[PDB]
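Take a look at this single chain, the form solved without cytidine-5'-triphosphate, given in structure tokens.
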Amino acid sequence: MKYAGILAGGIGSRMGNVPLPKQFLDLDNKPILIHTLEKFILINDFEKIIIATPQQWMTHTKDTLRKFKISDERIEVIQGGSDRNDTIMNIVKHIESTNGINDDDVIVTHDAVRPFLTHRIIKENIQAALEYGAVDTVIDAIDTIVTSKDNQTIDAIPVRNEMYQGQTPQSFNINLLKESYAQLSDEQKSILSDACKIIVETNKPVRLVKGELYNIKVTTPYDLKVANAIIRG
């Protein structure tokens, strides 16, 4: 079975790491979250489309689904976790308690504020997860990537041809993801913020699926202004 996990944990402020509900901001007279969900409802192969969000946003999420006539029976809103990977695991646990996890199940996890992913991206994610167990959506780096350990000076400049900008979806065989996450120590769980890095850190391969330049994360006022252009055109 194939599941979608829509991660609506918000976008943390720079000071304080306060979750801001950017997925509710308006994009051409409809919340960003609704645009993203519409893309997933178009995929008939999903058994459930699970939105995980902080307890304090669950009612507004349900109210917004109702206002924008999103009635698809596969949509469910559940409470998120203490960080992004813990929220993913809340989704996995919800699947297990509801249907039970099958050996061939896959989960397609995706940012609520990435409304411009495509049918191809979703299908390629599903197929790569079924065959290989773990997948990241990426695009080739356009800028030269540089590192710094002090926010003052360059530490290194890697070869750009080996660098990729990570997007989402990130998709996994569910049992593989669960087994890998179970291998991490409490310290690792506190430090890891990315879902594909769970797999990498536990020495299993992660496949690349190529995204799109326009599959942006709408997290700043600048990105919201750009998003209006992408949508209208």
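Quick note: we count residues from 1 along the sequence shown, nothing fancier.
This protein has a second form, the form solved in complex with cytidine-5'-triphosphate, left out of what is shown; the following refers to that one.
S.K.: Go ahead and superimpose the pocket C-alphas, place cytidine-5'-triphosphate as found in the bound PDB entry, and count ligand atoms within 2.4 angstroms of backbone or C-beta atoms: 3 or more is blocked, zero is open.
M.R.: Blocked, per the superposed partner pose.
S.K.: Quick one: does residue 94 come within 4.5 Å of cytidine-5'-triphosphate in the bound PDB entry, counting heavy atoms only?
M.R.: No.
S.K.: When the contact criterion is heavy atoms within 4.5 Å, does residue 84 count as touching cytidine-5'-triphosphate in the bound PDB entry?
M.R.: It does: once cytidine-5'-triphosphate is placed as it appears in the bound PDB entry, residue 84 has a heavy atom within 4.5 Å of it.
S.K.: If we define contact as a non-hydrogen atom of the residue within 4.5 angstroms of the partner, is residue 227 a contact of cytidine-5'-triphosphate in the bound PDB entry?
M.R.: No, residue 227 stays farther than 4.5 Å from cytidine-5'-triphosphate in the bound PDB entry.
S.K.: Though only this chain appears here, would residue 105 touch cytidine-5'-triphosphate in the bound PDB entry if you measure heavy atom gaps against 4.5 Å?
M.R.: Residue 105: no contact with cytidine-5'-triphosphate in the bound PDB entry.
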